[PDB]
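Read the single chain below, which is given as C-alpha cells and is the form deposited without ligand ADP.
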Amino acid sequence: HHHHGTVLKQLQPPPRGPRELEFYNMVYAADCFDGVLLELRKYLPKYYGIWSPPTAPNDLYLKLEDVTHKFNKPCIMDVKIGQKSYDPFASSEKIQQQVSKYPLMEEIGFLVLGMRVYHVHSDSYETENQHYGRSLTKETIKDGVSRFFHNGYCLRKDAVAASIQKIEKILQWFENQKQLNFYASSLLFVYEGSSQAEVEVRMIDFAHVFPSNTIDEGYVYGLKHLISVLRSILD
C-alpha cells in the first residue's frame, strides 16, 4: 500500500487517517459477527495493527499484508473504482480539482492509476504512472487495460484476465448487497509474470468509506464497466 514482511500504510492527516483506521479495525474486530463485514475480509489485505516509528509516536501506520509476496516477478495494476473520485463532503473546489484530474471518470467508471508489468522479453519491468490512465478514453480504454496483461513476448495472459474477472465478479456480488459506501477506493491486481492462473484482486484505499443507505451504485457501476472491458479483452 506504501512502504516497508508486511507493508506499512501511512495514515493520512485527520479526518482521513482516523477514518481508514476505523474501517480496518471494524472489519477485523475480534468480536465481529457481521456476515457482510466477515465476508469483506476475503477481499482485503490482512491487517496486523498499527505501528509508529520510535522517533514520531504521533505518526501512525497500518501493518498490512504484502499481497505481492508469494509471487516471483509480480505484475501489479492499481485501478480506482467508481464514478466519483471524491466523497460527498468534498467542497466545490475539491470536486472541481478531482473532476478536472479525469473528467471521463463519470462515464468509464474506473481509472487506471499505475501498472508494473513483468516482461520476460527483457527481464525488465514496464511501468505506467498517473498520467497514462488519466489519458485513456472510451476508445482507447480497452487497449489501455490490456497493456497490463502482455507478459513478455509470448502469451497475452488470457488465463490471467480470466482469473481477474472471476475474483472481481465475487466483489461484484458482495457490493450487490451492503451498508457501506466506498469513494476513491481501488482494486489491486497482481498476477505472476513468470513462474516458480494464480492472481490477487484486493480492495485497498479506505480513507473515504462511509456508512450507507444503501447500495453503492457508483461502485457497482465502475465494477460493471471494468468487467466489461476485461470481458472483451478476453475476446
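The numbering used is simple: start at 1 and walk along the sequence shown. Whichever C-alpha set is largest while still superposing within 1.5 Å between the two forms counts as the rigid core.
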property: Missing from the model but present in the deposited sequence, between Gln196 and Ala197; result: 10 or more
property: Where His4 meets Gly5 in the shown sequence, the number of deposited residues left unmodelled; result: 4 to 9
property: Between the two ranges 75-83 and 137-145, the one averaging a larger CA B factor in the entry; result: 137-145
property: Mean temperature factor over C-alpha atoms, higher-scoring stretch between 147-155 and 160-168; result: 147-155
property: Residue selected from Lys70, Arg202, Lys63, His208 by maximal Cα B factor; result: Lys70
property: Ranked C-alpha temperature factor of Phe110 among modelled chain residues, by third; result: middle
property: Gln179, C-alpha B-factor rank within chain (lowest, middle or highest third); result: lowest
property: Assigned third (lowest, middle, highest) for the C-alpha B factor of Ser212; result: middle
property: Position of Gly35 among the chain's modelled residues by C-alpha B-factor, lowest, middle or highest third; result: lowest
property: Assigned third (lowest, middle, highest) for the C-alpha B factor of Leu104; result: lowest
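What comes next is about the form deposited with ligand ADP bound, which does not appear here.
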query	finding
Open or blocked, ligand ADP overlaid from its pose in the deposited bound form onto this form, 2.4 Å backbone/C-beta test	blocked
Within 4.5 Å of ligand ADP in the deposited bound form, all of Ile81, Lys84 and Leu223 (non-hydrogen atom)	no
In the deposited bound form, segment of 62-70, 173-181, 49-57, 33-41 with a heavy atom within 4.5 Å of ligand ADP	62-70
Distance check, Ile204 to ligand ADP in the deposited bound form, heavy atom within 4.5 Å	yes
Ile233 within 4.5 Å of ligand ADP in the deposited bound form, heavy atoms	no
Non-hydrogen atom contact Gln12 with ligand ADP in the deposited bound form at 4.5 angstroms	yes
Contact flag, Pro45 vs ligand ADP in the deposited bound form, heavy atom cut 4.5 Å	yes
Answer option from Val27, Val199, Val209, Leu188, heavy atom within 4.5 Å of ligand ADP in the deposited bound form	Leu188
Residue showing a 2 Å-or-more C-alpha displacement between the shown form and the other one once the rigid core is overlaid, selected from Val160, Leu136, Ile76, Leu113	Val160
Threshold 2 Å Cα movement between the shown form and the other one at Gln172, rigid core reference	yes
Rigid core superposed: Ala29 CA moves 2 Å or more between the shown form and the other one	no
CA-CA separation of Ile164 and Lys73, closer or farther in the deposited bound form than in the form shown [shift of 3 angstroms or more]	farther
CA-CA separation of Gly35 and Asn176, closer or farther in the deposited bound form than in the form shown [shift of 3 angstroms or more]	closer
